[PDB]
Amino acid sequence: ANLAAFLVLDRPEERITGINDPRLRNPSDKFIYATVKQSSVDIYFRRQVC
Amino acid sequence: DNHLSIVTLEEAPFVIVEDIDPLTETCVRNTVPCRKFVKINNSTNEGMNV
Numbered sequence: 001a002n003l004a005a006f007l008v009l010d011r012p013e014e015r016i017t018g019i020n021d022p023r024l025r026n027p028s029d030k031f032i033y034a035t036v037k038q039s040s041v042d043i044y045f046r047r048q049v050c
Numbered sequence: 101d102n103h104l105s106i107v108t109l110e111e112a113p114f115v116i117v118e119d120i121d122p123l124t125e126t127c128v129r130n131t132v133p134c135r136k137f138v139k140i141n142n143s144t145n146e147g148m149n150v
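Below, the structure is given as structure tokens:
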């Protein structure tokens, strides 16, 4: 049972699901991520109410 | 009576006041003008409407 549980509950590759993912919301220094330049990603980020 | 004053606090994660960026812009976008009495000295209670 322990082997099966630890094999089906191993480390998952799922690190984000979208803009609404809570892990993306927090700008913690542990997880560093940013856009490359001032491309349309920057415009989309600037054009958000929240 | 179209102009009515509104008073708010900053003790909860629902109202946040930030200094205006010195880049000839009024808090970029999605902002409301605010007033706060910034105390000058430990004795005088004069506050500029920043």
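Note that the protein sequences, when read in sequence, are chains A and B.
In this text, residue positions in the first sequence follow our numbering: the first is 1, and each later residue adds one.
In this text, residue positions in the second sequence follow our numbering: the first is 101, and each later residue adds one.
Built from N, CA and C at the ideal position, the CB exists for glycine as well.
Would residue i and residue j qualify as a contact pair, given that the criterion is a beta-carbon distance under 9 Å?
| i | j | result |
| --- | --- | --- |
| A/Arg15 | A/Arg23 | yes |
| B/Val128 | A/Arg46 | yes |
| B/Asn130 | A/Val49 | yes |
Could you tell me the alpha carbon to alpha carbon distance between residue i and residue j, rounded to whole angstroms?
| i | j | result |
| --- | --- | --- |
| A/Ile43 | A/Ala5 | 44 Å |
| B/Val115 | B/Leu109 | 7 Å |
| B/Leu123 | A/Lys37 | 20 Å |
| A/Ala1 | A/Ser28 | 36 Å |
| A/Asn20 | B/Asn145 | 44 Å |
| A/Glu13 | B/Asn102 | 56 Å |
What residues in its chain sit with their C-beta under 8 Å from that of residue i, if we drop five residues either side in the sequence?
| i | result |
| --- | --- |
| A/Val41 | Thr35 |
Please return the same chain residues whose Cβ sits closer than 7 Å to the Cβ of residue i, not counting the five positions on each side in sequence.
| i | result |
| --- | --- |
| B/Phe137 | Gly147 |
| B/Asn149 | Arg135 |
Problem set entry | 4 or more residues per run - each alpha helix (DSSP H) lying fully within the region 26-50 of chain A | 40-46
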